[PDB]
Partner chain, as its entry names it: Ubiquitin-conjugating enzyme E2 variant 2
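Quick heads-up: it's one chain on its own, the form deposited without its partner chain, in structure tokens.
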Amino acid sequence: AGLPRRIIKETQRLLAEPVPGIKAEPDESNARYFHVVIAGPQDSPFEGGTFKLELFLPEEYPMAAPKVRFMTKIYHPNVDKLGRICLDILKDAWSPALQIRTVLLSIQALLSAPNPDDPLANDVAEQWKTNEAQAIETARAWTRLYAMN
């Protein structure tokens, strides 16, 4: 019955005007969940792969930020063990002036330019500074193994 006009109107413009390289569509049961696929950007270790993302809008959206997580297993220093993503904004806060589009774009640039220097608590950050040349290829291998078909 009721779901905010902002979600309705934003979902409209997301399917009518999608961003180059990304597919995003509402789940048919709960329209707050979004099945996302991002094509691995050109001349990146993840080139050729296609990565599936669950984007969820909590009840408090757009006063509260969405939560995003990788469903396709991926080798990247900014990804959780469960696939979750930062979305943390530096010396600012999520306001309803920022959209899902900006979220999807930031995740798209995050693949194009991983930032190992962040939380070192996971090993993938350690290998992404120690032997970066050897982290590019094991990410190419995980692209073939899990991001193809």
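Numbering follows the first chain given and starts at 1.
Just so you know, the form deposited with its partner chain bound exists too; it's not on screen, but the next bit is about it.
Visitor: Is it the case that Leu55, even though its partner is missing from this view, gets within 4.5 Å of its partner chain in the deposited bound form, heavy atoms only?
Guide: It does: once its partner chain is placed as it appears in the deposited bound form, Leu55 has a heavy atom within 4.5 Å of it.
Visitor: Can any non-hydrogen atom of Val124 be found within 4.5 angstroms of its partner chain in the deposited bound form?
Guide: Close contact is absent here: in the deposited bound form, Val124 is far from its partner chain, nothing within 4.5 Å, heavy atoms only.
Visitor: If you check in the deposited bound form, is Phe70 within 4.5 Å of its partner chain, heavy atoms only?
Guide: Contact check for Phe70: yes, within 4.5 Å of its partner chain in the deposited bound form.
Visitor: Would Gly83 sit within 4.5 Å of its partner chain in the deposited bound form, counting heavy atoms only?
Guide: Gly83 belongs to the contact set for its partner chain.
Visitor: All three of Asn30, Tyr33 and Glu59 touching its partner chain in the deposited bound form at 4.5 Å, heavy atom to heavy atom?
Guide: Every residue of the spot touches its partner chain in the deposited bound form.
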